[PDB]
Amino acid sequence: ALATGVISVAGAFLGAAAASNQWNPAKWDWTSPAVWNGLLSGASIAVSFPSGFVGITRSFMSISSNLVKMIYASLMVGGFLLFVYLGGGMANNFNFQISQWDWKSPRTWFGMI
Amino acid sequence: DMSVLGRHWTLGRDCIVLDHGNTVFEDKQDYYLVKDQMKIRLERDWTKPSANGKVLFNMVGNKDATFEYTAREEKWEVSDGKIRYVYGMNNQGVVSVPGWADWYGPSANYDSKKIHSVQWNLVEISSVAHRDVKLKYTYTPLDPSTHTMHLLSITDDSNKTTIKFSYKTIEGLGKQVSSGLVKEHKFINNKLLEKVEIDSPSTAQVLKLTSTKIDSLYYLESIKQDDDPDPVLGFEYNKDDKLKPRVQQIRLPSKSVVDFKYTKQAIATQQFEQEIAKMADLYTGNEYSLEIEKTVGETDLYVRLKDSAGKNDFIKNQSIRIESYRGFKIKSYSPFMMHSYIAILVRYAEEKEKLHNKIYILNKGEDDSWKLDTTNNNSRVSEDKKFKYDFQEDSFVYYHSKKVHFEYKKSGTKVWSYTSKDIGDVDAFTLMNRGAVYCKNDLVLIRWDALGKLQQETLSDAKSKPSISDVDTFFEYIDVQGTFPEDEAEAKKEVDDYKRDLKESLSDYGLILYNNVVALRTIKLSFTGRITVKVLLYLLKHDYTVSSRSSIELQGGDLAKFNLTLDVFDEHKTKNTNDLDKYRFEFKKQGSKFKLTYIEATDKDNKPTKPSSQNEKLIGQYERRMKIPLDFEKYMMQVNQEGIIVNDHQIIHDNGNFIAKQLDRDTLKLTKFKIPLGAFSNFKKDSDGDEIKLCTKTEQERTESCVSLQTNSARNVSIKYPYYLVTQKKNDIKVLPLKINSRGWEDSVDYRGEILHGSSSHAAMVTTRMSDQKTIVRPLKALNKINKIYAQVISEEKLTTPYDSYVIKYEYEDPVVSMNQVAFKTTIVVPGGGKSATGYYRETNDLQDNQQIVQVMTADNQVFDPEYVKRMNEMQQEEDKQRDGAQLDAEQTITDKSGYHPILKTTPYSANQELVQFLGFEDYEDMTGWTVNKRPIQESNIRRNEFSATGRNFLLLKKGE
Ligand SMILES: *[C@@H]1O[C@H](CO)[C@@H](O[C@@H]2O[C@H](CO)[C@@H](O)[C@H](O)[C@H]2NC(C)=O)[C@H](O)[C@H]1NC(C)=O
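So, a few notes on the structure that sits alongside this text.

Some remarks on a negative patch on the surface
Phase 1: On the surface, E874, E878, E879 and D880 of chain B cluster together into a negatively charged patch.
Phase 2: Structurally, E874 of chain B is set in helix α6 (residues 868-879).

Written out as structure tokens, the structure is:
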């Protein structure tokens, strides 16, 4: 690149057109910090915030409109009350289904099988 | 990572977490609502800036839920129309770490007085109407050693119900020492859950949790109840894999046992490798991995969507064609792979006279098939030699022909907005996330807001930017001689070419943006032959304004002290190719300028030698061709996560001030180094002559075991830490797989006669065989010496009862691989012990569609009922017709304070009309319209837990009442 001259002069001084140095002149005392930077970038993958996210399986960068009911139900099984209150998911609550169960009235049952 | 229960186990929790990414900019701050194992992004509504101190947040798809964050109070209040959650509440529930208001990144020492808050946990839950009902989570005090805060209690609202948690400390897992030169904040959970108390007006409970210390990690053994002789749930683990043990026996509450049997399935891995054409490559992306090929003699470009392993088993194949622009032979292409869009920069060539650079972008989601954004190519095409680009999830920004184009999507997917402001003199350029830090007379920062508003901030109060002035002076104090002395005019072109080359090389790498500090370096030469580098640092505030300005200076090598020793070949002295002479060259001051001059020559044993007769006249020419020999790559800035590397020095953060510390030259000369890969393994080069090694040291045994990677050089090798290391020696490749969590290395693999590709990645290595010239893609799992991978999976599950037993057996087939995980496409399950007695189910799982098809199979391996899942879903809908129960959320019903339980429903007319009322004097029901003659109802009026007909309380009335 910038220093093709010095390598070309050093390379011309090789015995019978044989590569004896094998990229020696580039590293007599010249540094190589970009390769070192690449090695440090490759070798360093550190997650320095296992405070509250730690132990997570799924995450949503946003809410999908088609999957609204699924994420609402999965929050519902975990006892998170901020969404099923407004979404009308009180039919999905087992305690309400079994408390409204009228004995000797098949219309009120909710038995899956 | 270990939770409070142990490894493999997570206890439920909810909070709001901050992801700043070591920067203070207000756009890059991300907030996440975490509920157990699920996360949702919070998005700032920039259209409504508020001066009360509180900013507003909301989520996609839920505009009916509102978040309000008060910074001065360290509080989030969030609600729907019924229930509000309060997170943080300052010292009650905030995890905060020491960090400055201008620099969130790592430092050498920290300021404990300064602090900033990273996580806000759930402090309180309440109801918008009837605020009496609530729940209060009380947390422990923050731990300064490891910033983890544990849940202590769940306090009562009206009827006393407390749930207290108690914990046990781990003295072993807590970190021993920190070896980082620049230290970052790290979080460690050193406590386990020991016992839970529950005191409620109905019941009382005291539970105790015990754990096993397999190796150096804890796992949940059992839950027991106090005054109960048998464990409620027992867990027993199988350690057939040392690094990852999995539970093989569970004890149920009914005191019946459930066992799982593990088997090691052997699947051949040659099927996962694939061979493809010479002009075809597979570039790995985060979510999707795409392969591009050159079809008709570099004229057009086929794009094909693939998966992590290079197949279409995970992601459906999509064929895209890029047309020739103007019938130009393609020289190079660079793909970039963002969530919503793929952008490929293509470099067309016109006869080496010019190089055009067209940006083809292909935006679609997953449901729709990738296709070209057919947008007017006004600014997505240019031919200039200073063409800078930067692609981001939300936007991208280009610079061609003195113009800064910026395309962004705000509030709309299918259209890109265009914005651009022309800029003038360009000497040193850098593009940030939403703008460009250009070099002018003064240092300026142009940026577009999320609202699209332009913001031009000029960052120069004191003297700055002597870049050009210092460089030309550096150039002119040394006389450099043209290639041929006889013709001055011809050599004037060569000296101009060198001066332009030096200007572009020094300036193009002399403007860095490390996190939120802009660094600009300049270099100059004194009369005395001394080089000084001066780097000016600008710390930027959260609103892209100058927090601070600093200047530090360092020394470069003097030209008088500098010497160059070359081995050189003299054909006129000896015919031996390896009997080389060596020349010493040095700069000597002649007149007013320095001139490089030969000094002396010696043999390869450092005894003086007469130079060759031909070389005695050629040496002057070779000094002219050499021109300026210097380590100029040292002066340019290479930036990493820790600090900025310039002139064998590192610029880092220390107590709010940016300081430069000596970087050892030996590491930068790649002669010796020790790079800590992980917790227990370190990449090590012991000495110069020793080959590249990977030493490891597990915690238990103090024995250093180093594997050798068979490479003397360090430029060949590449590091992809969690998985394989790779090295290219000569025309062969060597691959060293790494065990998970850096517990040691694996068996080395060698591939002869192959050339590595720069597209190789954590997921897959793509190479080119030299004999065939057909490139070969191998997934990470395919890098196995014996050519088979073992996937440990369960064979059967057996339920044992004192009255009967029951065994369900599983087998798996049609594997695929993806990163480090094997998955199976077709699983066969038998419900009984015998398969040939009663048949089975064969479930085929499509990974892309995520729909499974169950074929019920006769004992003679014949399909009795294909798509049996549809039958059961139709059946479920059929039995659901007679039953109806989807009625509570009606405003016509009379409800409680909380609103869970319907007291009274009125069907013909609604509760809004005050035509029907029913008061039962109890805790949960509050009614103010029934004022007693004295004043409204108090505790002294209602008799509690005395004999009523309905409920527990009643009202006692005297004459005056
Ligand atoms: C480091 O990589 C380079 C290639 O980038 C290797 O140089 C190759 O050496 C082989 C064998 O002598 C030649 O056939 C190739 O022609 C060379 N490179 C190319 C592509 O021209 C070098 O050998 C590697 N270092 C080590 C330790 O072997």
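Here we look at helix α2 (residues 33-43) of chain A
Phase 1: Along α2 of chain A, the residues classified as buried are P33, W36, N37, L39, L40, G42 and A43 of chain A.
Phase 2: The inward-facing, buried residues of α2 of chain A contact β42 (638-639), β43 (644-645), α4 (665-668), β46 (673-676) and β47 (681-685) of chain B.

Things to note about the nonpolar core
Phase 1: If you look at the biggest cluster of nonpolar residues, it comprises 55 residues, and the most contacted ones within it are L537, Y583, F585, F632, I651 and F658 of chain B.
Phase 2: If you tally residues by element for this core, the top one is strand β37 (residues 531-540) of chain B, at five residues.
Phase 3: Once residues within four sequence positions are removed from consideration, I651 of chain B is found in contact with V535, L537, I552, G643, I644, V646, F658, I659 and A660 of chain B.
Phase 4: Formed by 54 residues, the second largest nonpolar core is a distinct cluster that contains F80 and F83 of chain A together with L33 and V95 of chain B.

A look at the site of the ligand
All names here are of chain B.
Phase 1: Taken together, the neighbourhood of the ligand is formed by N716, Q728, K729, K730 and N731.
Phase 2: Here an oxygen atom of the ligand and a side-chain polar atom of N716 are 2.3 Å apart.
Phase 3: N731 has a polar side-chain atom sitting 2.7 Å from an oxygen atom of the ligand.
Phase 4: Taken by itself the ligand offers 570 Å² of open surface, and the protein chains cover 48% of this.
Phase 5: Per-class residue counts for the shell around the ligand are no nonpolar, three polar and two charged.

Observations regarding the packing of aromatic side chains
All names here are of chain B.
Phase 1: Taken as a whole, this structure holds 54 aromatic pairs over all chains when the rule is applied.
Phase 2: Taking 6.1 Å as the distance between ring centres and 45 degrees as the angle between the ring planes, the aromatic pair formed by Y85 and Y87 counts as tilted.
Phase 3: For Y85, a relative accessible area of 1% translates into the label buried.
Phase 4: Here a set of aromatic residues connected by ring pairs shows up, and it is made of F336, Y341, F387, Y389, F391, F396, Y398 and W416.
Phase 5: The cationic tip of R434 hangs over the ring face of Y408; the distance from NZ or CZ to the ring centre is 5.7 Å.
Phase 6: Against the face of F475 rests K499, its NZ or CZ located 5.9 Å from the ring centre.

As for the environment of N363 of chain B
All names here are of chain B.
Phase 1: Relative to the elements of secondary structure, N363 occurs in strand β26 (residues 354-363).
Phase 2: Its relative accessible area of 14% is what places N363 among the buried residues.
Phase 3: A C-alpha to C-alpha distance of 35 Å links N363 and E754, two positions 391 residues apart in sequence.
Phase 4: Apart from the residues lying within four places of it in its own chain, the contact partners of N363 are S340, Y341, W370, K371, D373, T413 and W416.

Points about the interface of chain B and chain A
Phase 1: Taken residue by residue, the interface counts 93 residues in chain B and 70 residues in chain A.
Phase 2: Among the elements that make up the side of chain B that touches chain A, the one with the highest residue count is strand β39 (residues 563-568) of chain B (five residues).
Phase 3: Classifying every residue of the side of chain B that touches chain A gives 46 nonpolar, 20 polar and 27 charged.

Considering a positive patch on the surface
Phase 1: A cluster of basic side chains, namely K354, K385, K386, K402, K493 and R500 of chain B, defines a positive patch on the protein surface.
Phase 2: Inspection of the secondary structure assignment puts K402 of chain B in the loop between β29 (395-399) and β30 (404-408).

Scoring rules and cut-offs
Residues numbered from 1 in each chain as written, not as in the entry; some residues may be left out. Chains lettered and ligands numbered in written order. Part of a larger assembly, values for the part shown. Heavy atoms only, no water. Residues with missing side-chain atoms left out of burial classes, pairs and counts. Patch = residues over 30% accessible without salt bridge, like charges linked within 9 Å, V, L, I, M, F, W, Y side chains within 5 Å. Areas by Shrake-Rupley, 256 points an atom, 1.4 Å probe, with all protein chains shown as cover. Salt bridge = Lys/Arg side-chain N within 4 Å of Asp/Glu carboxyl O. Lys, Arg positive; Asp, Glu negative; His and termini not counted. Charge placed at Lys NZ, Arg CZ, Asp CG, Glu CD. Helix = DSSP H or I, 4+ residues; strand = E, 2+ residues; numbered from the N terminus. Buried < 20%, exposed > 50% of the residue type's maximum accessible area, 1.4 Å probe, protein only. Contact = heavy atoms within 4.5 Å. Core = buried A, V, L, I, M, F, W, Y, C linked by side-chain atoms within 4.5 Å. Near = heavy atom within 4 Å. Polar contact = N/O pair within 3.5 Å; in protein donor to acceptor, adjacent residues only side chain to side chain. Nonpolar A, V, L, I, M, F, W, Y, C, P; charged D, E, K, R; others polar. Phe/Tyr/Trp six-rings, centres within 6.5 Å; stacked < 30°, edge-to-face > 60°. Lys NZ or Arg CZ within 6 Å of the ring centre and 35° of its normal.

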